[PDB]
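The chain below stands alone, shown as structure tokens; this is the form deposited in one PDB entry.
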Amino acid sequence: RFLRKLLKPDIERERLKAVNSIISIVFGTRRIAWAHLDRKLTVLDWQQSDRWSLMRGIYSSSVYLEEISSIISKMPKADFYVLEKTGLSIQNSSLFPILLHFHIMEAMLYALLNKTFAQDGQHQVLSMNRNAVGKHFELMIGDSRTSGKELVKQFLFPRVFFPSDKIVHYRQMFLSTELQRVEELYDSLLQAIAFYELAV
């Protein structure tokens, strides 16, 4: 019953037990990032892009479709797809543009990634709560979530299990990042590790 209050769709636990590969995606105001993991908790991929022209004052489905298609072109196939589910409220009369951005992003990603949904009605994309990520790792203060740059420095610069071939690229990416809130995109990797810990 715990997973029903953490995952929004009513996915079956028997399918979550038999998983092989997950993509974790986190998008924000300015950039997106994603990570590809296997069942052995191996980091096959971790890539961030910031070539967005989505939010420049005008909202249009054509440019959103173009940018999302270009991004999803550079993603390997995986068994399950997960993305952030920040719980902003309609009742608050502020932060409406970012909420609209989040909903349009979730809509096109849900349709664009859930291939072969018309033939067989199986949901291959899921949402998991940000509070579950901030509570399982216990890096979040009350009614907020603090940054986790110290935690990813603790992993690098056994649970993450970075590969030997691409360890230098990950180290260079970590060392060359000093701004633009890269940890606010590394929450994708944190959420993927939390998903492996909680759903198995």
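One rule holds for the numbers: they count along the sequence shown, beginning at 1. Definition used throughout: the rigid core is the maximal C-alpha set that superposes within 1.5 Å between two forms.
Not pictured, yet referred to below: the form deposited in another entry.
- With the core held fixed, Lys135 shows a CA shift below 2 Å between this form and the one not shown.
- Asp165: CA moves 2 Å or more between this form and the one not shown after rigid-core fitting.
- For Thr177, a C-alpha deviation of 2 angstroms or more is recorded between this form and the one not shown after rigid-core alignment.
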